[PDB]
Amino acid sequence: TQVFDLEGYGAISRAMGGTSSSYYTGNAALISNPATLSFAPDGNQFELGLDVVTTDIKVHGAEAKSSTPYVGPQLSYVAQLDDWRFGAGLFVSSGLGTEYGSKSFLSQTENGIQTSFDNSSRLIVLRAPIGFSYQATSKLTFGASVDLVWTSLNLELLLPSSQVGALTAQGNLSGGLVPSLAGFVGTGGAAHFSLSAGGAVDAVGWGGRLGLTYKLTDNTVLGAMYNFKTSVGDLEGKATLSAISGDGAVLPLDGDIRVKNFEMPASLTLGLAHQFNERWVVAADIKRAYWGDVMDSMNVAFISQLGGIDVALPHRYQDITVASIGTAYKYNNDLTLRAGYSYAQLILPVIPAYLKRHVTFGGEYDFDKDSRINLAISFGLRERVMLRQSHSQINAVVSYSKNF
Ligand SMILES: CCCCCCCCOCCOCCOCCOCCO
Ligand SMILES: CCCCCCCCOCCOCCOCCOCCO
Ligand SMILES: CCCCCCCCOCCOCCOCCOCCO
Ligand SMILES: CCCCCCCCOCCOCCOCCOCCO
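Residues numbered from 1 in each chain as written, not as in the entry; some residues may be left out. Chains lettered and ligands numbered in written order. Heavy atoms only, no water.

Student: Describe the site of ligand 3, and please don't skip the residues or the numbers.
Tutor: Taken together, the neighbourhood of ligand 3 is formed by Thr321, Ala323, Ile325, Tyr343 and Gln345. Considered on its own, ligand 3 offers 620 Å² of accessible surface; in the complex 47% of this is hidden by protein. The leading source of residues in the shell around ligand 3 is strand β24 (residues 320-329), at three residues. Of the residues assigned to the shell around ligand 3, the class counts are three nonpolar, two polar and no charged. (Near = heavy atom within 4 Å. Areas by Shrake-Rupley, 256 points an atom, 1.4 Å probe, with all protein chains shown as cover. Helix = DSSP H or I, 4+ residues; strand = E, 2+ residues; numbered from the N terminus. Nonpolar A, V, L, I, M, F, W, Y, C, P; charged D, E, K, R; others polar.)

Given below as structure tokens:
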């Protein structure tokens, strides 16, 4: 998910700054760099995880806070069969999460009138890969995976007269419902979208992933994996447009939205992992999320009986280059403590921008040598993005790999 595109997935990878390319990082490697999967301890792994995110947004004097938690699964298994590793897992996760609720100015119709409309968002994505890793020459490990993605979303966005007009001017907002709803909303209104068998407003695309590894030294590994842009489908499902008059009179139309071109771009990451001491470990990858390679427009069509409304949004997103280092010491044949960091390189309270800086802590507590527990937590370092607004996330994951 991450509401634009970044790096770092997995219980042990999150802890190491989202490094992943060259080394082992559990079954998440299925959605990271399947080649890496080869390094797995002989046998058949079987992890269970609990990924967790939460954002604290503070938009503005006019305070509007975010919180007023979605926890996702991680059933995965990676069987072995000489030189050949085979895995398949489900990987649920949030990333987009806000709940300003109905009380703040985001709920203030033009003319600062308090509507009782909610302002919230939640994008959930469940990746589900099926791939493999292969040992070709105790130096070359190839691996790839093809996953079924299932995106779901629910919004509670409110737009004041102003920006609805702004959307018109820009040549973004077309419709038919517009003419007619104009003059009822007027320079003092606000429109409001609400998505909640009930469609749910979800989609079902496909994802691709292939990567390699090369033991350059016996203390240096080189890695790379290409990530095909996921082919999500169209987000479809019941929704409710509510023209709100310049004084609070609500006109609710019920129809069905269709979000088109929700892009999750491709990415090529390159990294290494050195171990200049049979205890202390270090990792480092450079990621490239190819956003500039997205030229079409995200289209939000809404259809009711009385008519429709549509918003076009062209992409215009340049490339994102993520650099990230990792590390991991072994307190002993029990504890393993890791810690990494990763620097990455339209105020809209309901969809906060990805953060660039990140600090990550974590460790691993083995207790069987056939069972293990990984624990990671990543800090989204605060950025200050008229409407001043700022936020900072806290991601925490925990997986228990019962080496069968
Ligand atoms: C965008 C998420 C998909 C959910 C559909 C809701 C569609 C509603 O409109 C989103 C448009 O937001 C843009 C802001 O308002 C325009 C302000 O003027 C800015 C000029 O760049
Ligand atoms: C997105 C919600 C739809 C509700 C539309 C009400 C917003 C309309 O505009 C208010 C600004 O007034 C000026 C617009 O021009 C008059 C009619 O609209 C025609 C545009 O093709
Ligand atoms: C050779 C042994 C490993 C020693 C540490 C490796 C550290 C290597 O470099 C990592 C570079 O990436 C992180 C830098 O901070 C981000 C700066 O902006 C750069 C553009 O991507
Ligand atoms: C034997 C080692 C002990 C390590 C335990 C790690 C588990 C401890 O907590 C980590 C932080 O908790 C994360 C999320 O909050 C709990 C929510 O409920 C989740 C399942 O529905």
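Student: Break down the site of ligand 2 for me, with residues and values.
Tutor: The local shell around ligand 2 consists of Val164, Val178, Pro179, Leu181, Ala182, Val185, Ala191 and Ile309. Computed on the free molecule, ligand 2 has an accessible area of 600 Å², of which 66% lies beneath the protein chains in the complex. The dominant element in the shell around ligand 2, judged by the number of residues it contributes, is helix α3 (residues 177-181), at three residues.

Student: Break down the pairing of strand β20 (residues 266-274) for me, citing the residues and quoting the values.
Tutor: Summarising the sheet, strand β17 (residues 220-227) and β20 pair through eight bridges and their orientation is antiparallel. If you follow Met225 over to β20, its bridge partner there is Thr269. Pairing of β20 with strand β21 (residues 281-290), which is carried by seven bridges, proceeds in the antiparallel orientation. Across the sheet, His274 pairs through a bridge with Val282, a residue of β21. (Pairing = 2+ DSSP bridges.)

Student: Quick rundown of the sheet that holds strand β29 (residues 389-391)? Include the residues and the values.
Tutor: Strand pairing in a sheet is mediated by backbone hydrogen bonds. Such pairs are either parallel or antiparallel. Taken in spatial order, the four strands line up as β4-β3-β29-β28 in an open sheet, and their pairing is antiparallel. Each of the sheet's edge strands pairs with one partner strand only, and the pair in question is β4 (64-65) and β28 (383-384). Note: strand β3 (residues 58-59) against β29, two bridges, orientation antiparallel. Bridge pairing links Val59 to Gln389 in β29.

Student: I'd like a rundown of the layout of surface pockets, residues and numbers included.
Tutor: Empty space within the second largest pocket amounts to approximately 1,200 Å³. The wall of the second largest pocket is formed by 40 residues, among which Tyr24, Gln275, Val281, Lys330 and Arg372 lie closest to the centre. Broken down by secondary-structure element, the contributors of at least two residues to the lining of the second largest pocket are β17, β20, β21 and β25 (335-344). Residue composition of the lining of the second largest pocket, grouped by class: 14 nonpolar, 13 polar and 13 charged. (1 Å grid on protein atoms, 1.4 Å probe; cavity = no way out; pocket = protein on both sides within 12 Å on 5 of 7 lines; lining within 4 Å. Points joined across faces, edges and corners; volume = space filled by probe spheres on them.)

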